Each structure stands twice: as C-alpha cells, then as structure tokens.
Number of protein chains: 2
Amino acid sequence: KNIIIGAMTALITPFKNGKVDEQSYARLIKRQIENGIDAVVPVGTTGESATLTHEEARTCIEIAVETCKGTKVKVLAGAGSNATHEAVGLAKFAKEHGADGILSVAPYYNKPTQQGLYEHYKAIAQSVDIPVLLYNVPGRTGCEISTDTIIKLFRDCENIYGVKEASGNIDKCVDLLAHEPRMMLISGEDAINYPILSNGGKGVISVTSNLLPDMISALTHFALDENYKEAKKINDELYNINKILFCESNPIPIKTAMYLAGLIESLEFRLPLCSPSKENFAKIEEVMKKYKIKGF
Amino acid sequence: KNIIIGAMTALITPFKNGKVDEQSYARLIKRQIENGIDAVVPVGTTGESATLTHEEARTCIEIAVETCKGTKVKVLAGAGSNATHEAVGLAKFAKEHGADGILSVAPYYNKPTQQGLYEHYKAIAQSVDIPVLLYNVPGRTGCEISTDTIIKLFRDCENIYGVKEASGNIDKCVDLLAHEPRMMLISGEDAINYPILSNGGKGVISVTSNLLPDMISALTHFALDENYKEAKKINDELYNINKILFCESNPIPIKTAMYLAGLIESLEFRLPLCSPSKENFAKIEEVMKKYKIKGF
Ligand SMILES: [Mg+2]
C-alpha cells in the first residue's frame, strides 16, 4: 500500500479581513517544512473546513501542494463529508489539486451504522487511486468507526491504509494493531502521541505542531527510531501545551497561540467559531512562555 | 412571540431511483394534515438533509408549503448548518419559499463554544422575521446548547421562541421552564413526549408521527388540555414503537416502517445511510403489528 505517515500538521487557516490569507498560509507551511514536518494536512478541522467555501478549500490545497513541491513533505488533504456523494467529489477534487492523499472524516451528525460506514468509505476508495486515511473522532461526529469496520476497509480496499484515531481510547489502538498490524495508526490526539506511537503507530496528525513543529517532529522521529526515552521526554514536556490547546474547542486555542506568537497577523475565526474568553486567553499565553517557539 | 407548537412531524424524504419522489412526498404530508398534525418539518435530520441538494431541499420545502396552503398546518423548515454564513443563507431561503418558521440545529462537528453558539443563532435570528426554533441534539452535533445560552437567545432575539430538546435530560427541561416559563419547549424524543409536555412543553417534533400521526396528535392535544391521564396512556402504549424506531440510527427504522406499512413505495436511503440489518428489519416488522397504522 502507498502510505503517508510520520509527523503531520493539521494546518490552521489564517484569515485577514474575512478572507483566506494566502501569503501567511504559504509562509506557515514553509515554516513546517523547515522544522522537520513530514506532511501537511490542509483544510481539516483545525483548518476550519466547515466554514471554508469550495473555492477557499481548493486554494489552500493548491497552496499546500505548491509549497511542498521539490521537498519530501507530502500533502494529506482533508476531503470528508457526511454525504458519500459529496465525499467522493471532495476526494476527486483533492486528487486533482495535487494532493498525495486524503484524510476523510467519518460522517458526522447523520450517524451512519457500521454497514453504512463501510459502503461510505468503499465508495470513496474506488473513486480515486490515491491513499485514503480514515479519521475517527467520535466526540465530534457522533459516530464511531469500529475496529472491525476499520480492518475490513483496510483489507478490502487498496487505497485505505490506516486511520487517524482521536478517541482517547488506547484500548482500541491495541485492538487495531493486534488484529491488523500492517495498518498505519496515526495519532490524532497530541497529549497521547507517544503512547500511540509506542504501540506501533507510524505518525501523528497534530494540532500542537502548528505552534511547535520542531518538537512534534522530533517526538515522532524519536519514536519511529525506537528511541522511546526521548519520545516520551518530549511527550511529557508537551503535555501542558497539548492540553491547554484544547481549553476551548480546536482550533480556537491553537489559532490564539499562533496569534500570540506573532505567527499570524489576525485572530479571526468564522462563526460559529469565536475568539476564546479572557480567562482561557491568559491561560494559553502563560503556557506558551515555557516553550521555545520557532519563527519564520 | 409568534410560535409554532402542537403535534409536529419530522418528515421523511422518500427516494425512488435515487431521486426525491415528489408525488409521494406531497401525499405523505397530506396524510399528516388529515390526522391532526399541527406542523410539518421538511429537510430535517429525519428527512436526510445531509444528503439532499439545496435544489432538492428547496423542492421539499415548496411541496410542504404548497400542500399546507389553505390549512392551519404550518411549515417549520429545517434550516441549520455548522457554518453561520450558510445557516443565515438557509434561513433566508426557507422564508422566501413560504415557510412559517425554521428549525435550526446546533452547529455539528465543529463544536462551537457557548459564546459561539449565541452569535451563531443571533446572526440567524436577525436575518429573517419568522419564528426560529432552536434544536439541541448533542448526541449528533457533539455540542450542547446550555440552558443559559437558550434563555439568553430567547430573551435577546424575538424570532427565537423556544428549543426542540432531544437530550434525554428531563432535568434540563425543568431547568429551562423553571427559569424561563415563557419559552416553547418542544419534545424531540418520542418516548418521553408525555413527561416533557406534562412539565410545560407545548409540542413535539416527532419521528413516530410519520407512522402513527393520529396517536401522536391525540397525545399532544390531550396533554395540552391537561388531560394527563389520556396523554400518558398514549405515551405508555407508544413506548415500544418509540424505542424500536431507534434500534438503528434515525431515519433508518422509520423509513423501514413506512415501507413495511406500504406508505412509501421504495426503501431507498442515500449513503452513508443504508437499509437496516435483517434482524432489526424483523424487529421493526414485529413491533408494527400491535399498532393501528392509518393509510391514505
Ligand atoms: Mg438515532
């Protein structure tokens, strides 16, 4: 199977006067490349994909593909939907803008059954010939892709090579790799990056990496090189920021942190997303001070 | 405040050969009118709003508005989105198509904060001049509209007149009506229709009403007349069908039941929604036998 693994960043989408800041998006991705990141994830949840137009999502994918041209860094484009016909179209459009693969979230709100999840992802996998990484985050979607459904999709469709697990369920990650050790388990939960990698996970799709790409990159590569003492040391050190980056719902804290570090020019969200409370604002600012934040 | 209350039906959307069966859709709405239903809800979650096109969603609202002209039945159109710019647009389009009000689900998947939820609904309420009913279903959206957020929205915005509670939280229903008794609490959970109405709820937006509109109609109006002994008797008798209609995710059981009762001609869903398991198919068939199902 063709795979996209390693240290990956769920890119924020900076806004300036209500429009997508193309420069800063481009300058932010080059910062990730410069700090050891293996792949970038445009227009995901951390990129506020719910409030982007198809034209804005297509510009962000094109910016990601062009900024990582001539480098080993891949583009794992977010192309998911709770409607299978749309998810197929988003998959085809991401392949056409030059993405090396797609991260397609489980259908949200309409809560499909396991049978429906299988047919949903099977239709996506047979629509394109590029890798497809499953994304299971039940707290946001209301749905859970069972391990049996994940394993069946991995074995029955060739483009599906693994799953992004943001469920806070290390038991399920053992279940996945004990019954299907060839799949690519990817961490979607920054605080438990090392425990997932220590069980055989082959990468992370991080929110923290937006602010500290060098540390998340080093963590992933330490663990993949079986240097668990250094991977756990970085994981322990990132715990405070990994948690505080979820004081409010992602990407509200991480965008606030990028603004506080001067990495973006505006602290603008699109509704229903909003700036955090003064209380959480001070908490993010105070937690950032204990970390060395790389510039441009 | 202008309100839309009473027995209301979350309409299913019948499909035939992958297209919206417009004739059958109109004949299902007229069946609801003839059985005492006070309002119809097009393009809701039970209508598979996630997999409908905007042109298809506009056809369903127009069919509902046209079928309810010359009658007392109002059209509470589904017009929600996890993007406020879209939810505002859907609100404006539903009123322009003749809808008496809109049912606006809480933003799903992207999990806005309470502050974000307030601005989301405030932006929707100030966009149209028709009543707006909040919709809180945390199991599907991943977010919860707090009691304080609902009460603030009810008092600060005039189109907002209440909330459709699908929370399994009779404590919260006491919380809402004890601190703000002027709002219109609507039951979004069929099995607990009577307890919500008996505490001061003024209506239901029902899934069972698709199959048994006369019993949901009689239940609600018995309760509104404080004939609680008869309202509870219908609620107790409906408990078996109210639960079995959620053995799988709504609207999979209700569409299965409508097909089994011959009220819709084809049992078609749009992916990721699918036909139910053969076991649950038999269970739905077995529960229907003990109820008197009205025809056309
Ligand atoms: Mg359900």
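Here are a few things to note about the model shown:
- Shape category assigned to region B:35-76 from the gyration tensor of Cα positions, a/c cut at 1.5: oblate
- Among beta bridges that DSSP assigns inside chain A, antiparallel share in %, nearest 5: 5 percent
- Copies compared at A:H85 - label distances in nm, ascending, label defined 7 Å from Cα in the Cβ direction: 2.5
- Length-normalised contact order for chain A - Cα pairs under 8 Å, 6+ apart - percent: 19 percent
- For A:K1, a cut-off of 22 angstrom between C-alpha atoms picks up these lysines, skipping any fewer than 8 places away in its own chain: A:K72, A:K74, A:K92, A:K95, A:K122, A:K152, A:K164, A:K202.
- Between B:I3 and B:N240, residue separation times 0.36 nm minus the direct Cα-Cα distance comes to 82.2 nm.
- Once the Cβ-Cβ distance of B:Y228 and B:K69 is raised to the sixth power relative to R0 = 35 Å, the FRET efficiency obtained is 0.50.
- Shielding by other protein chains, B:272-281, mean Cβ within 10 Å: 5
- Position B:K72, label points 7 Å along Cα→Cβ, spacing to each other copy in nm (shortest first, one decimal): 7.4
- In the protein assembly as shown, the DSSP beta bridges split such that about 5 percent are antiparallel, to the nearest 5.
- Taken along the Cα-to-beta-carbon direction at a fixed 7 Å, the label points for B:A178 and B:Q114 span 1.7 nm.
- Pseudo-label separations to other copies for A:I151 - Cα-to-Cβ vector, 7 Å, nm: 5.0
- Cα gyration tensor, region A:6-236 - rounded (a/c under 1.5), prolate or oblate: oblate
Values quoted throughout were computed directly from the atomic coordinates according to the rules given, and no laboratory measurement underlies them. With ideal geometry, Cβ positions are generated from the backbone for all residues, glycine too; neighbour counts draw on all protein chains shown.
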